[PDB]
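**Q** Provided herewith: structure.txt, compact mmCIF, C-alpha atoms and all ligand atoms.
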```
# COMPACT_ATOMS: atom_id res chain seq x y z
CA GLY A 1 -24.41 27.81 24.92
CA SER A 2 -24.93 27.77 21.18
CA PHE A 3 -22.66 24.61 20.84
CA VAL A 4 -24.68 22.52 23.32
CA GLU A 5 -25.52 19.76 20.82
CA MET A 6 -21.82 18.92 20.47
CA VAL A 7 -21.21 18.62 24.21
CA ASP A 8 -20.41 15.03 25.32
CA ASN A 9 -20.12 13.79 21.72
CA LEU A 10 -16.97 11.76 22.57
CA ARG A 11 -16.56 8.40 24.24
CA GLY A 12 -13.43 6.47 25.25
CA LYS A 13 -10.40 6.97 27.50
CA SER A 14 -6.70 7.92 27.35
CA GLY A 15 -5.44 4.31 27.16
CA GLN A 16 -7.55 3.29 24.17
CA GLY A 17 -8.49 6.55 22.42
CA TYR A 18 -11.46 8.92 22.28
CA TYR A 19 -13.97 8.52 19.48
CA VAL A 20 -16.84 10.37 17.78
CA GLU A 21 -19.71 9.06 15.62
CA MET A 22 -19.37 9.80 11.90
CA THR A 23 -21.94 8.96 9.25
CA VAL A 24 -20.60 7.92 5.85
CA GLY A 25 -22.24 7.20 2.51
CA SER A 26 -25.81 6.85 1.23
CA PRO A 27 -27.86 5.33 2.78
CA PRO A 28 -26.13 6.27 6.07
CA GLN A 29 -23.51 4.07 7.69
CA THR A 30 -22.55 5.36 11.13
CA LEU A 31 -19.24 4.28 12.64
CA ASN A 32 -17.18 5.11 15.75
CA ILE A 33 -14.07 7.06 14.71
CA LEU A 34 -10.91 7.78 16.74
CA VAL A 35 -10.21 11.49 17.12
CA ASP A 36 -6.52 11.85 16.23
CA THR A 37 -4.60 15.14 16.14
CA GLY A 38 -1.32 13.32 15.38
CA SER A 39 -2.15 12.27 11.80
CA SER A 40 -4.04 13.54 8.71
CA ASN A 41 -5.83 10.60 7.04
CA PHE A 42 -9.50 9.77 7.41
CA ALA A 43 -9.77 5.98 7.27
CA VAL A 44 -12.30 3.34 8.25
CA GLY A 45 -12.32 -0.43 8.69
CA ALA A 46 -13.91 -1.78 5.51
CA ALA A 47 -13.74 -5.54 6.04
CA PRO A 48 -14.36 -7.97 8.94
CA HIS A 49 -11.76 -7.96 11.75
CA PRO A 50 -11.77 -9.68 15.18
CA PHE A 51 -11.68 -6.31 16.99
CA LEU A 52 -14.35 -4.53 14.88
CA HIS A 53 -18.07 -4.43 15.74
CA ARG A 54 -18.97 -2.86 12.39
CA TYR A 55 -17.26 -1.76 9.19
CA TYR A 56 -17.80 0.41 6.10
CA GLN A 57 -19.50 -1.40 3.21
CA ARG A 58 -18.62 0.62 0.11
CA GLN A 59 -20.81 -1.49 -2.22
CA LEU A 60 -23.90 -0.35 -0.25
CA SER A 61 -23.05 3.36 -0.63
CA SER A 62 -24.39 4.88 -3.84
CA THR A 63 -22.31 8.04 -3.35
CA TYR A 64 -18.95 6.26 -2.93
CA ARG A 65 -16.36 7.02 -5.61
CA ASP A 66 -13.33 4.71 -5.85
CA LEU A 67 -10.15 6.73 -6.57
CA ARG A 68 -8.52 3.50 -7.88
CA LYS A 69 -5.38 4.11 -5.85
CA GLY A 70 -4.15 2.29 -2.76
CA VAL A 71 -2.74 3.87 0.39
CA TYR A 72 -0.46 2.54 3.15
CA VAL A 73 -0.16 4.33 6.48
CA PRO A 74 2.44 3.41 9.08
CA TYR A 75 1.99 5.07 12.48
CA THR A 76 4.15 5.30 15.60
CA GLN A 77 1.98 2.35 16.64
CA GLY A 78 0.54 0.01 14.01
CA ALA A 79 -0.10 0.26 10.27
CA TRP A 80 -2.87 -0.27 7.76
CA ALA A 81 -3.40 -0.66 4.03
CA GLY A 82 -6.49 0.20 2.05
CA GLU A 83 -8.12 1.77 -0.97
CA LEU A 84 -8.63 5.51 -1.52
CA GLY A 85 -12.04 6.94 -2.47
CA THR A 86 -14.45 9.74 -1.63
CA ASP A 87 -17.89 9.65 -0.01
CA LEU A 88 -20.35 11.90 1.79
CA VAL A 89 -19.54 12.34 5.47
CA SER A 90 -21.40 14.03 8.33
CA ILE A 91 -20.84 14.19 12.08
CA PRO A 92 -24.32 13.74 13.65
CA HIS A 93 -23.28 15.30 16.99
CA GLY A 94 -20.96 17.79 15.27
CA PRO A 95 -21.47 20.60 12.73
CA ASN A 96 -24.71 20.71 10.75
CA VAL A 97 -23.06 20.08 7.35
CA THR A 98 -22.26 17.19 5.01
CA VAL A 99 -19.04 17.14 3.01
CA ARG A 100 -17.51 15.00 0.29
CA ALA A 101 -14.27 13.84 1.89
CA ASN A 102 -11.39 11.54 1.04
CA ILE A 103 -11.87 8.25 2.79
CA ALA A 104 -9.48 5.30 2.93
CA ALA A 105 -11.20 1.93 3.23
CA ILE A 106 -8.96 -0.18 5.46
CA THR A 107 -8.78 -3.75 4.13
CA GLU A 108 -5.76 -4.99 6.10
CA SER A 109 -4.01 -3.86 9.29
CA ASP A 110 -1.32 -4.80 11.79
CA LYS A 111 -1.37 -3.82 15.48
CA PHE A 112 -3.68 -0.87 14.76
CA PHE A 113 -7.22 -1.68 15.94
CA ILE A 114 -7.50 -2.28 19.69
CA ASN A 115 -9.67 -5.00 21.21
CA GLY A 116 -12.47 -3.39 23.21
CA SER A 117 -11.70 0.20 22.19
CA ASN A 118 -15.05 0.38 20.33
CA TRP A 119 -13.69 2.43 17.40
CA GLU A 120 -13.58 1.28 13.79
CA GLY A 121 -11.61 4.03 12.04
CA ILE A 122 -9.53 7.15 12.52
CA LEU A 123 -10.05 10.86 11.90
CA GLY A 124 -6.68 12.50 11.30
CA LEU A 125 -7.09 16.18 12.20
CA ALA A 126 -3.54 17.37 11.42
CA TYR A 127 -2.36 19.05 8.23
CA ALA A 128 -1.86 17.88 4.65
CA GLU A 129 1.94 17.94 4.88
CA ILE A 130 1.84 14.60 6.75
CA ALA A 131 -1.03 12.95 4.80
CA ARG A 132 -0.36 9.68 2.93
CA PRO A 133 0.28 8.98 0.11
CA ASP A 134 1.31 12.67 -0.03
CA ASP A 135 0.14 16.22 0.69
CA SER A 136 -2.23 16.24 -2.30
CA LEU A 137 -4.72 14.06 -0.41
CA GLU A 138 -6.88 16.71 1.23
CA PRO A 139 -7.50 15.95 4.95
CA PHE A 140 -11.06 15.88 6.28
CA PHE A 141 -10.92 19.18 8.17
CA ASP A 142 -9.52 20.93 5.10
CA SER A 143 -12.48 19.64 3.05
CA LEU A 144 -14.85 20.77 5.82
CA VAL A 145 -13.49 24.33 5.77
CA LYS A 146 -13.31 24.51 1.95
CA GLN A 147 -16.84 23.19 1.35
CA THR A 148 -18.71 24.90 4.20
CA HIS A 149 -18.76 28.08 6.26
CA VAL A 150 -17.73 26.23 9.44
CA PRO A 151 -14.98 28.31 11.11
CA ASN A 152 -11.45 26.89 10.82
CA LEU A 153 -11.16 25.82 14.46
CA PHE A 154 -12.00 22.90 16.71
CA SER A 155 -11.59 22.28 20.42
CA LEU A 156 -11.24 19.13 22.51
CA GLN A 157 -12.30 18.49 26.10
CA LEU A 158 -11.04 15.02 27.00
CA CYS A 159 -12.30 13.81 30.36
CA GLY A 160 -10.61 13.53 32.63
CA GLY A 161 -16.07 10.70 27.63
CA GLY A 162 -15.54 14.27 26.38
CA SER A 163 -16.46 16.88 23.76
CA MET A 164 -15.19 17.89 20.34
CA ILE A 165 -16.56 21.33 19.50
CA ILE A 166 -16.19 21.99 15.77
CA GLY A 167 -16.26 25.57 14.48
CA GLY A 168 -16.01 27.32 17.85
CA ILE A 169 -15.35 27.50 21.55
CA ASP A 170 -17.85 26.45 24.21
CA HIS A 171 -17.37 28.58 27.34
CA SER A 172 -19.20 26.05 29.53
CA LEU A 173 -16.34 23.58 29.02
CA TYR A 174 -13.64 25.62 30.80
CA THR A 175 -12.90 28.00 33.66
CA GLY A 176 -10.50 30.95 33.83
CA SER A 177 -8.70 32.30 30.77
CA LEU A 178 -7.53 30.59 27.57
CA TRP A 179 -3.79 30.91 27.03
CA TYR A 180 -2.40 30.47 23.50
CA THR A 181 0.83 29.03 22.13
CA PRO A 182 1.79 29.42 18.45
CA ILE A 183 1.54 26.49 16.05
CA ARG A 184 5.18 26.46 14.94
CA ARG A 185 4.60 24.68 11.63
CA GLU A 186 1.43 23.33 10.02
CA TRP A 187 2.20 19.61 9.72
CA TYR A 188 1.70 18.03 13.13
CA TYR A 189 0.27 20.43 15.73
CA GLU A 190 3.81 21.49 16.60
CA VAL A 191 4.46 23.68 19.64
CA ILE A 192 7.48 24.96 21.61
CA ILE A 193 8.16 23.99 25.24
CA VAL A 194 10.43 26.59 26.88
CA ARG A 195 10.79 25.35 30.47
CA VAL A 196 9.94 22.33 32.61
CA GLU A 197 9.50 22.24 36.42
CA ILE A 198 8.88 19.38 38.85
CA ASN A 199 7.21 20.71 42.01
CA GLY A 200 8.35 24.23 41.09
CA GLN A 201 11.94 23.08 40.64
CA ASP A 202 13.37 23.90 37.19
CA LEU A 203 14.71 20.83 35.36
CA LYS A 204 17.56 23.06 34.15
CA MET A 205 18.13 21.46 30.75
CA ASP A 206 18.80 23.48 27.63
CA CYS A 207 15.32 24.14 26.20
CA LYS A 208 16.38 22.86 22.76
CA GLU A 209 16.32 19.39 24.36
CA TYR A 210 12.60 19.67 25.18
CA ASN A 211 11.79 20.12 21.47
CA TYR A 212 14.24 17.76 19.82
CA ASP A 213 13.29 17.02 17.15
CA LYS A 214 9.76 18.39 17.55
CA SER A 215 7.07 18.80 20.21
CA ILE A 216 3.49 17.94 19.18
CA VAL A 217 -0.01 17.69 20.65
CA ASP A 218 -1.55 14.29 19.88
CA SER A 219 -4.98 13.21 21.18
CA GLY A 220 -4.22 9.74 19.71
CA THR A 221 -1.21 9.11 22.01
CA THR A 222 -1.86 8.10 25.66
CA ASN A 223 1.29 9.35 27.39
CA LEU A 224 3.45 12.36 27.83
CA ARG A 225 6.33 11.08 25.69
CA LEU A 226 9.74 12.74 26.12
CA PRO A 227 13.13 12.55 24.35
CA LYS A 228 15.43 10.15 26.19
CA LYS A 229 17.66 12.84 27.76
CA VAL A 230 14.59 14.72 29.07
CA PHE A 231 12.81 11.56 30.19
CA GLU A 232 15.86 10.56 32.25
CA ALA A 233 16.13 13.96 33.95
CA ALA A 234 12.37 14.21 34.55
CA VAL A 235 12.16 10.72 36.10
CA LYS A 236 15.17 11.37 38.35
CA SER A 237 13.43 14.55 39.55
CA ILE A 238 9.97 12.95 40.01
CA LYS A 239 11.52 10.00 41.89
CA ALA A 240 13.32 12.41 44.26
CA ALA A 241 10.15 14.46 44.88
CA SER A 242 8.02 11.38 45.65
CA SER A 243 10.45 9.78 48.13
CA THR A 244 7.73 9.61 50.84
CA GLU A 245 7.20 6.18 49.27
CA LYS A 246 9.55 3.88 47.39
CA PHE A 247 8.66 2.50 43.96
CA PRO A 248 10.39 -0.20 41.92
CA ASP A 249 12.58 1.22 39.14
CA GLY A 250 10.55 -0.64 36.49
CA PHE A 251 7.50 1.42 37.54
CA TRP A 252 9.16 4.53 36.12
CA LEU A 253 9.84 2.50 32.96
CA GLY A 254 6.24 1.28 32.62
CA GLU A 255 7.42 -2.31 33.17
CA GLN A 256 5.66 -2.51 36.55
CA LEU A 257 2.34 -1.33 37.93
CA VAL A 258 1.53 -0.35 41.49
CA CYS A 259 -1.97 -0.82 42.94
CA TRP A 260 -3.57 0.77 46.00
CA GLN A 261 -6.60 -0.19 48.08
CA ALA A 262 -9.49 1.58 46.36
CA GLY A 263 -9.63 5.21 47.57
CA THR A 264 -6.24 5.17 49.33
CA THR A 265 -3.96 6.39 46.51
CA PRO A 266 -1.64 8.95 48.17
CA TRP A 267 -1.86 11.61 45.44
CA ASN A 268 -0.33 14.19 47.81
CA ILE A 269 3.11 12.50 47.77
CA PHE A 270 3.59 12.90 44.00
CA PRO A 271 4.81 16.16 42.45
CA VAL A 272 3.05 18.41 39.97
CA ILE A 273 4.77 18.93 36.62
CA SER A 274 4.71 22.31 34.87
CA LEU A 275 5.27 22.66 31.16
CA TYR A 276 5.96 26.24 30.00
CA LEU A 277 4.85 26.98 26.46
CA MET A 278 5.86 29.86 24.20
CA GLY A 279 3.27 32.65 24.33
CA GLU A 280 1.87 35.02 21.72
CA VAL A 281 3.93 38.06 22.75
CA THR A 282 7.73 38.53 22.63
CA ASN A 283 9.47 37.03 25.72
CA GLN A 284 6.12 35.96 27.18
CA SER A 285 5.22 32.40 28.20
CA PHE A 286 2.58 30.57 30.22
CA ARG A 287 2.51 27.24 32.05
CA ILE A 288 0.20 24.25 32.22
CA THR A 289 0.44 22.24 35.42
CA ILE A 290 -0.12 18.49 35.38
CA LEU A 291 -1.29 16.51 38.44
CA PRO A 292 -0.35 12.92 39.40
CA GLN A 293 -3.99 12.06 38.64
CA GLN A 294 -3.01 12.74 35.02
CA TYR A 295 0.41 11.08 34.76
CA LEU A 296 -0.60 8.03 36.81
CA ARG A 297 -3.08 6.24 34.52
CA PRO A 298 -5.59 3.69 35.91
CA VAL A 299 -5.24 0.38 34.03
CA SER A 300 -11.72 -5.49 42.68
CA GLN A 301 -10.71 -3.68 45.88
CA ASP A 302 -7.46 -2.43 44.28
CA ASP A 303 -6.78 0.51 41.93
CA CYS A 304 -3.84 -0.23 39.59
CA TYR A 305 -1.80 2.51 37.92
CA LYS A 306 0.72 2.77 35.12
CA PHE A 307 3.26 5.63 34.94
CA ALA A 308 2.10 7.53 31.85
CA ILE A 309 5.32 9.40 31.10
CA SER A 310 7.56 7.53 28.67
CA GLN A 311 10.47 7.73 26.25
CA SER A 312 10.34 8.81 22.60
CA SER A 313 12.94 8.93 19.81
CA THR A 314 10.79 11.25 17.64
CA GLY A 315 10.43 14.26 19.97
CA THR A 316 7.99 15.24 22.71
CA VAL A 317 4.36 14.13 22.46
CA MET A 318 1.78 15.82 24.65
CA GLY A 319 -0.74 12.99 24.65
CA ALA A 320 -4.18 12.40 26.13
CA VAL A 321 -3.04 12.34 29.75
CA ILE A 322 -1.76 15.92 29.31
CA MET A 323 -4.92 17.05 27.46
CA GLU A 324 -7.24 15.54 30.07
CA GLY A 325 -6.43 18.45 32.43
CA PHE A 326 -7.57 21.03 29.92
CA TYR A 327 -9.89 22.42 27.32
CA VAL A 328 -7.62 22.54 24.25
CA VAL A 329 -8.44 24.84 21.30
CA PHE A 330 -6.91 24.00 17.90
CA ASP A 331 -7.26 27.47 16.41
CA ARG A 332 -6.12 26.69 12.88
CA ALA A 333 -7.43 30.05 11.59
CA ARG A 334 -5.00 31.95 13.86
CA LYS A 335 -2.24 29.28 13.87
CA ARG A 336 -2.34 28.78 17.64
CA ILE A 337 -3.38 26.27 20.31
CA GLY A 338 -5.20 27.42 23.46
CA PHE A 339 -5.25 25.81 26.89
CA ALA A 340 -7.68 26.46 29.73
CA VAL A 341 -8.61 24.59 32.90
CA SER A 342 -11.19 21.97 31.99
CA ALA A 343 -14.68 21.95 33.50
CA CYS A 344 -13.98 18.22 33.91
CA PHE A 345 -5.70 20.25 47.78
CA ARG A 346 -4.33 20.77 44.24
CA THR A 347 -5.87 21.46 40.84
CA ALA A 348 -4.60 21.38 37.25
CA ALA A 349 -3.80 24.95 36.25
CA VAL A 350 -3.02 27.23 33.36
CA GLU A 351 -1.07 30.26 34.56
CA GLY A 352 0.73 33.29 33.19
CA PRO A 353 2.24 35.39 32.02
CA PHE A 354 5.91 34.65 32.69
CA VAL A 355 8.98 36.36 31.31
CA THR A 356 11.12 33.90 29.37
CA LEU A 357 13.95 35.24 27.22
CA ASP A 358 15.43 33.70 24.02
CA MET A 359 12.41 31.42 23.45
CA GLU A 360 13.16 31.42 19.73
CA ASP A 361 16.32 29.45 20.59
CA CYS A 362 14.23 26.51 21.91
CA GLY A 363 13.03 25.19 18.50
CA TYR A 364 14.68 22.57 16.24
CA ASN A 365 15.66 23.87 12.79
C1 LIG B 1 -4.48 6.46 22.30
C2 LIG B 1 -3.75 5.37 21.50
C3 LIG B 1 -4.70 4.57 20.59
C4 LIG B 1 -5.06 5.16 19.23
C5 LIG B 1 -3.98 5.00 18.16
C6 LIG B 1 -3.33 3.68 17.91
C7 LIG B 1 -2.40 3.57 16.97
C8 LIG B 1 -2.00 4.76 16.16
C9 LIG B 1 -2.58 5.94 16.36
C10 LIG B 1 -3.62 6.04 17.42
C11 LIG B 1 -2.20 7.14 15.54
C12 LIG B 1 -1.22 8.14 16.15
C13 LIG B 1 -0.79 9.15 15.08
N1 LIG B 1 -1.86 8.91 17.26
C14 LIG B 1 -0.02 7.39 16.65
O1 LIG B 1 0.82 6.95 15.88
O2 LIG B 1 -0.06 7.21 17.99
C15 LIG B 1 1.06 6.54 18.63
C16 LIG B 1 0.78 5.81 19.93
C17 LIG B 1 -0.48 5.07 20.25
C18 LIG B 1 -0.60 4.45 21.43
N2 LIG B 1 0.39 4.45 22.36
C19 LIG B 1 1.48 5.09 22.12
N3 LIG B 1 2.50 5.08 23.02
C20 LIG B 1 3.60 4.14 22.77
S1 LIG B 1 2.21 5.58 24.61
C21 LIG B 1 1.74 4.17 25.48
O3 LIG B 1 3.67 6.10 25.25
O4 LIG B 1 0.93 6.65 24.65
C22 LIG B 1 1.74 5.80 20.84
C23 LIG B 1 -1.85 3.67 21.80
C24 LIG B 1 -2.98 4.45 22.45
```
The structure given in the file should be rewritten as structure tokens.
**A**
Amino acid sequence: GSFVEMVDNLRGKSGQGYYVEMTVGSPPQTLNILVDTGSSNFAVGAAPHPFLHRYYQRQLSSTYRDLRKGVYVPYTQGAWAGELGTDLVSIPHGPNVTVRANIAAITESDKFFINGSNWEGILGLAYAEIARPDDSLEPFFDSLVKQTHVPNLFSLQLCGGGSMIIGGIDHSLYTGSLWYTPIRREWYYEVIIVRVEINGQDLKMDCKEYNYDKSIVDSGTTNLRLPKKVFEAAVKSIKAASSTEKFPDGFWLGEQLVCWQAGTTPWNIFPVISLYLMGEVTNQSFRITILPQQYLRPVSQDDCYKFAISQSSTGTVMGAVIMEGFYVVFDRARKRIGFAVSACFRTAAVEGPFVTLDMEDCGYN
């Protein structure tokens, strides 16, 4: 494959984030940067912190330009404050280009950096609409596309480290066909879920509930996060389908873990979950099917697991444990996201087409 040099350019895991090396400034300062499709700011630790191995030293970069404006970014989890500027940025195991990008130098933070995660900054790959301080601060990928001929597309294979292929699709990273769902709105990577099944049994909720108040794809969130009403129905259904064994109720709430003798985890007793996504043709959908190996996240002779489906008050979030099944293509150029079975008794699947009527009615307005 022509994209071979980008294969395996990611390290990390679902619980702590996946990261890529990025080289900033002149002379080069290389840092580990969280790959985040749920936000739109590029920002790096720029001062000592207990959880940081290295940080950006602006004074040592001759190409750094201070924008003389501060920025504050609150996330679903954590927040940071810093100073805005621009500097030269390249991705050594990514595209063969160097761009002048906005960069926020993080000087203070709260509950953001994670001990032992090995990343020192964040690459927000979503759109300008959700950038801070506002949509005038051009996100990194926008600068990349504006300043270079790199195609307006990237793809993520999260294993399952992983691969971020920038500017194309690497056919070695998936099997079968790619199936595409429209990007509903260019802010988050917003999609539309049209049906949910647990072991082939329809959850039978009004599809508007699945997307209230939005459904997004976020590589920087661990879990499948669901609106409360959906979470409740899904857990009731999963519990019923896995009755071969009994689990404490707090397990389903993430307040308890269960551990099995290494190699004895009874995967076969847990159901598969299918999420149907709106397709590219009228009344057409496809499904991605999620295994217990995905939604039971590993945390001696015992293997401990946390239930990785949880509640949200801000809509559905298809996080890393969902993406780990799949090669996911963020086709910005054609405003669509593709899913295929990742090259990394049951298997994760992407299947279609299905006939689903009134799919337009599933989205929040
Ligand atoms: C991979 C994550 C680490 C990287 C990370 C930390 C903190 C913020 C972000 C990204 C940015 C953004 C935009 N991704 C964000 O705000 O995610 C919400 C989030 C993160 C995390 N857990 C969340 N959940 C509460 S859970 C356990 O249900 O998956 C939600 C921590 C794991």
**Q** If we count only C-alpha atoms and set the cut-off at 10 Å, which residues sit around residue 21 in chain A, ignoring sequence neighbours fewer than 6 positions away in its own chain? Please answer as number ranges by chain.
**A** A: 9-11, 30-35, 90-94, 119
**Q** Can you tell me, as a list in words, what residues are no more than 6 Å from residue 46 in chain A when counting all atoms listed in the file, ignoring any on the same chain fewer than 6 positions away?
**A**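 Near neighbours after the sequence-gap exclusion: residues 55, 56, 105, 106 and 107 of chain A.
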**Q** May I have the residues within 7 Å of ligand LIG 1 (chain B), computed using all atoms listed in the file, as a compact mmCIF listing (two decimals) with C-alpha atoms, in the frame of the given file?
**A**
```txt
# COMPACT_ATOMS: atom_id res chain seq x y z
CA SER A 14 -6.70 7.92 27.35
CA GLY A 15 -5.44 4.31 27.16
CA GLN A 16 -7.55 3.29 24.17
CA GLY A 17 -8.49 6.55 22.42
CA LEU A 34 -10.91 7.78 16.74
CA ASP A 36 -6.52 11.85 16.23
CA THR A 37 -4.60 15.14 16.14
CA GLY A 38 -1.32 13.32 15.38
CA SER A 39 -2.15 12.27 11.80
CA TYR A 75 1.99 5.07 12.48
CA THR A 76 4.15 5.30 15.60
CA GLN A 77 1.98 2.35 16.64
CA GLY A 78 0.54 0.01 14.01
CA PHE A 112 -3.68 -0.87 14.76
CA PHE A 113 -7.22 -1.68 15.94
CA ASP A 218 -1.55 14.29 19.88
CA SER A 219 -4.98 13.21 21.18
CA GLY A 220 -4.22 9.74 19.71
CA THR A 221 -1.21 9.11 22.01
CA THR A 222 -1.86 8.10 25.66
CA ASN A 223 1.29 9.35 27.39
CA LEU A 224 3.45 12.36 27.83
CA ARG A 225 6.33 11.08 25.69
CA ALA A 308 2.10 7.53 31.85
CA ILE A 309 5.32 9.40 31.10
CA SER A 310 7.56 7.53 28.67
CA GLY A 319 -0.74 12.99 24.65
```
**Q** Please identify every residue of range 229-267 of chain A that has at least one atom no farther than 8 Å from an atom of range 201-205 of chain A, counting only C-alpha atoms, and for each give the shortest atom pair and the distance in Å to one decimal, arranged by chain then increasing number, as JSON lines.
**A**
```
{"residue": "A:230", "atom": "CA", "partner": "A:205", "partner_atom": "CA", "distance": 7.8}
{"residue": "A:233", "atom": "CA", "partner": "A:203", "partner_atom": "CA", "distance": 7.2}
{"residue": "A:234", "atom": "CA", "partner": "A:203", "partner_atom": "CA", "distance": 7.1}
{"residue": "A:237", "atom": "CA", "partner": "A:203", "partner_atom": "CA", "distance": 7.7}
```
**Q** Print the selection's residues with C-alpha atoms to a file, as an mmCIF file, keeping the file's coordinate frame.
**A**
```cif
data_model
loop_
_atom_site.group_PDB
_atom_site.id
_atom_site.type_symbol
_atom_site.label_atom_id
_atom_site.label_comp_id
_atom_site.auth_asym_id
_atom_site.auth_seq_id
_atom_site.Cartn_x
_atom_site.Cartn_y
_atom_site.Cartn_z
ATOM 1 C CA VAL A 230 14.590 14.720 29.070
ATOM 2 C CA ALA A 233 16.130 13.960 33.950
ATOM 3 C CA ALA A 234 12.370 14.210 34.550
ATOM 4 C CA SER A 237 13.430 14.550 39.550
#
```
**Q** For range 238-240 of chain A, please output as number ranges by chain all residues within 8 Å (counting all atoms listed in the file; exclusion window: fewer than 2 positions along the same chain).
**A** A: 198, 234-236, 242-243, 270-271
**Q** Given the selection you just returned, output its residues as a file containing C-alpha atoms, formatted as a CSV table (one decimal), in the frame of the given file.
**A**
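Okay, this is what ended up in selection_6.csv:
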```csv
chain,number,residue,atom,x,y,z
A,198,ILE,CA,8.9,19.4,38.8
A,234,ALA,CA,12.4,14.2,34.6
A,235,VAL,CA,12.2,10.7,36.1
A,236,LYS,CA,15.2,11.4,38.4
A,242,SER,CA,8.0,11.4,45.6
A,243,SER,CA,10.4,9.8,48.1
A,270,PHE,CA,3.6,12.9,44.0
A,271,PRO,CA,4.8,16.2,42.4
```
**Q** When you draw a straight line from CA of residue 140 in chain A to CA of residue 41 in chain A, how long is it in Å?
**A**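 Rounded to one decimal, the two atoms are 7.5 Å apart.
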